[PDB]
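A.B. asks: Handing you this structure, nothing more for now.
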Amino acid sequence: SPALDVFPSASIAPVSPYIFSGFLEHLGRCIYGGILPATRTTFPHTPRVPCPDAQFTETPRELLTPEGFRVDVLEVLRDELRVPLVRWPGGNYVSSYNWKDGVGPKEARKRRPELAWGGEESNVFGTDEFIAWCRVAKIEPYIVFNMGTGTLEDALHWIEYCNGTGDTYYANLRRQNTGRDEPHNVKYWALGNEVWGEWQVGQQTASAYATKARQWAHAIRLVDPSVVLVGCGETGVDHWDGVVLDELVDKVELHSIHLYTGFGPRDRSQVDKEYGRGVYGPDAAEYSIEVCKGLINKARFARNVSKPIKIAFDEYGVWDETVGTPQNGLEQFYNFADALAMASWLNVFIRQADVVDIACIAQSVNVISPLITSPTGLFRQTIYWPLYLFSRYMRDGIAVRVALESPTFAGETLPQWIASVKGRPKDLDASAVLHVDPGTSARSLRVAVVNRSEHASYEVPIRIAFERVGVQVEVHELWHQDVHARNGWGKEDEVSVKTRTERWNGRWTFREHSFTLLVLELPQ
């Protein structure tokens with residue numbers, strides 16, 4: 001019989017704001033046609049097969065900052081989501097990216113084949129435009145080194161270019177390109193992108209990567225000792241992860257892991273099972289994060305590292321590899337079920353706030369994204385709303401422990417191992433954040449509850465240990481009768497948040513296939 005206890009005195013950790021981070025890759029319409037305007041040679045056109053003039057709508061000049069950025073997209077990422085950090089220039093793209101192609105006067109920038117996904121890249125948007133965009137967006141840059149074709153020397157020159165404050169060739173080059181003296185001061189850098197993957201350019205074994213990354217990490221820190229470096233992990237639970245952490249833990253600050261739900265081989269003809277395959281998927285990540293926490297502490301013991309080492313979950317999201325393809329620029333239109341998967345993802349990061357310091361939604365615009373653009377406008381996908389609600393209400397507080405009794409799902413999971421190795425996922429899924437208003441010292445409790453069950457509703461007594469709960473509760477609810485309902489053009493708010501205020505009586509009913517964020521007052 002379902003029951004939810006919350007323990008505001010049992011602190012997990014402060015919620016890191018970088019759990020709400022973003023990610024932009026030079027893929028499809030993420031950059032050109034996304035944060036920047038489309039051209040007659042944006043993806044999917046090219047300079048030698050352009051769009052016909054008759055069929056090309058341009059982005060109005062009104063919609064652009066003076067540097068050429070989309071102001072409406074900026075409004076969503078900065079003013080609605082308050083994204084604090086963005087990973088760039090990618091996941092797979094970066095492993096054959098030469099950063100020197102993307103700086104200097106624009107007419108001297110080298111067009112390159114795009115090997116990871118099959119296009120052409122102009123490199124009109126390179127390091128200085130990315131930093132300038134981050135400045136307008138009020139976002140911290142997070143840059144990934146090329147560890148596919150790239151060399152250590154190229155990486156050291158990039159750090160010098162961005163962060164050097166002396167009289168040295170690459171710092172002077174930055175000053176010449178930007179007309180300013182000040183360094184970019186990029187604080188976060190990642191040592192490669194998925195070096196473990198068979199699709200990756202420059203794929204390596206765990207031992208070969210770890211040995212190389214230890215050398216790169218050591219030399220990069222000599223150029224700028226204040227930088228935060230991120231080692232390339234796999235999913236957190238793999239042999240790769242142990243090998244890499246054992247070798248990097250005294251040289252880096254974070255460990256990067258990636259996972260997508262709705263992803264992977266399965267019998268897609270069994271449609272009745274796709275719902276449960278998708279919504280319970282984030283259970284795989286919490287199991288893997290917990291394993292990774294132990295591998296971190298093993299490696300720290302082994303090298304006598306007193307500093308904490310944290311996790312960057314710097315690719316998470318929802319991606320079916322048969323829907324979002326390289327041909328269509330990884331475009332996937334999300335349904336309401338997908339938004340319950342998204343809410344489950346964010347609850348994982350809250351519950352694991354003591355180790356997850358960064359999480360990056362893959363991707364922030366157009367690529368498998370909460371946000372879809374056209375040349376003249378945009379719409380927010382179903383998965384945008386859980387992100388919006390967590391970013392607004394579960395940030396700037398302390399994640400606290402919960403104890404949740406819930407019926408379990410007996411069906412097929414994706415990946416299939418979650419059911420057997422972790423256990424049957426709970427229908428209900430919750431996380432809690434205690435928040436203190438800095439101007440008034442008023443104390444509130446934000447409780448985010450997903451009911452993943454496709455058919456059962458649950459009446460749930462909710463008990464708050466050692467606290468009086470205020471008379472009124474504010475409810476932010478996401479629900480639709482059709483789990484296949486989507487947002488799209490002309491139907492932008494098919495799936496949207498409903499908010500209301502109710503009287504608190506110590507229980508709540510969580511409808512089938514729903515997400516509910518409750519805001520409770522705690523009078524002193």
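Ordering of the structure tokens sets the chain letters (A, B, ...); residue numbers start at 1 within each chain; ligands are numbered from 1 in the order shown.
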Which neighbours of region 185-195 of chain A fall inside 9 Å, counting only C-alpha atoms, when residues of the same chain fewer than 4 positions from it are skipped, and could you give them as a count of residues only?

C.D. replies: 47

A.B. asks: Could you pull out all residues of region 192-408 of chain A with a DSSP call of alpha helix (DSSP H) and give them as a count of residues only?

C.D. replies: 80

A.B. asks: What are the closest atom pairs, with distances in Å to one decimal, for all residues of region 437-524 of chain A lying within 7 Å of region 375-385 of chain A? Consider only C-alpha atoms, order rows by chain and residue number, and present the result as CSV.

C.D. replies:
residue,atom,partner,partner_atom,distance
A:486,CA,A:382,CA,6.5
A:487,CA,A:381,CA,5.6
A:488,CA,A:379,CA,6.8
A:492,CA,A:379,CA,6.0
A:495,CA,A:382,CA,5.9
A:496,CA,A:385,CA,6.8
A:497,CA,A:385,CA,6.9

A.B. asks: Any idea what's packed within 7 Å of residue 406 (chain A), counting only C-alpha atoms, ignoring anything in its chain fewer than 6 positions away? Could you give it as a CSV table (one decimal) with N, CA, C and O atoms, in the first residue's frame?

C.D. replies:
chain,number,residue,atom,x,y,z
A,1,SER,N,0.8,-1.2,0.0
A,1,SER,CA,0.0,0.0,0.0
A,1,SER,C,0.9,1.3,0.0
A,1,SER,O,1.7,1.5,0.9
A,2,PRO,N,0.6,2.2,-1.0
A,2,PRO,CA,1.6,3.3,-1.2
A,2,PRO,C,1.6,4.3,0.0
A,2,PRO,O,0.6,4.5,0.7
A,3,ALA,N,2.8,4.8,0.2
A,3,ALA,CA,3.1,5.7,1.3
A,3,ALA,C,4.4,6.5,1.0
A,3,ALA,O,5.3,5.9,0.5
A,426,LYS,N,9.6,0.7,-9.2
A,426,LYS,CA,8.4,1.2,-8.5
A,426,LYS,C,7.5,2.1,-9.5
A,426,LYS,O,8.1,2.9,-10.2
A,427,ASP,N,6.2,1.9,-9.4
A,427,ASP,CA,5.3,2.8,-10.2
A,427,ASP,C,5.5,4.2,-9.7
A,427,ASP,O,5.7,5.1,-10.6
A,428,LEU,N,5.4,4.5,-8.4
A,428,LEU,CA,5.7,5.9,-7.9
A,428,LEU,C,7.2,6.1,-7.9
A,428,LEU,O,8.0,5.2,-7.7

A.B. asks: Could you state the separation of CA of residue 415 (chain A) and CA of residue 268 (chain A) in Å, given to one decimal place?

C.D. replies: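 About the pair CA of residue 415 (chain A) and CA of residue 268 (chain A): they are 13.3 Å apart.
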
A.B. asks: Could you check the closest approach to residue 9 (chain A) for each of A:341, A:453, A:398, A:429 and tell me which residue wins, using only C-alpha atoms?

C.D. replies: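 Residue with the minimum atom-to-atom distance to residue 9 (chain A): A:398.
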
A.B. asks: Where does DSSP see strand (DSSP E or B) in region 323-419 of chain A, if you list the residues as an MDAnalysis selection string?

C.D. replies: chainID A and resid 335 356:361 371:373 378:380 398:405 408

A.B. asks: Take CA of residue 447 (chain A) and CA of residue 371 (chain A) and report the distance between them in Å, one decimal.

C.D. replies: 25.5 Å

A.B. asks: Region 402-469 of chain A near region 274-291 of chain A within 6 Å: what's each residue's closest atom pair and its distance in Å to one decimal, counting only C-alpha atoms, ordered by chain then ascending residue number, as a Markdown table?

C.D. replies:
| residue | atom | partner | partner_atom | distance |
| --- | --- | --- | --- | --- |
| A:413 | CA | A:277 | CA | 4.7 |
| A:414 | CA | A:277 | CA | 4.7 |
| A:418 | CA | A:284 | CA | 5.8 |

A.B. asks: How about saving the chosen residues, N, CA and C atoms kept, as an mmCIF file, in the first residue's frame?

C.D. replies:
data_model
loop_
_atom_site.group_PDB
_atom_site.id
_atom_site.type_symbol
_atom_site.label_atom_id
_atom_site.label_comp_id
_atom_site.auth_asym_id
_atom_site.auth_seq_id
_atom_site.Cartn_x
_atom_site.Cartn_y
_atom_site.Cartn_z
ATOM 1 N N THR A 413 11.497 -4.171 -19.223
ATOM 2 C CA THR A 413 12.198 -2.904 -19.127
ATOM 3 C C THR A 413 13.182 -2.763 -20.288
ATOM 4 N N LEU A 414 13.644 -1.544 -20.455
ATOM 5 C CA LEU A 414 14.691 -1.185 -21.403
ATOM 6 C C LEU A 414 15.652 -0.234 -20.698
ATOM 7 N N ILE A 418 17.481 -3.963 -16.119
ATOM 8 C CA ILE A 418 17.043 -3.257 -14.920
ATOM 9 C C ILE A 418 16.123 -4.159 -14.091
#

A.B. asks: Between A:462, A:156, A:421, A:450, which one has atoms that come closest to residue 402 (chain A), using only C-alpha atoms?

C.D. replies: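 Going through A:462, A:156, A:421, A:450 one by one, the smallest distance to residue 402 (chain A) is for A:462.
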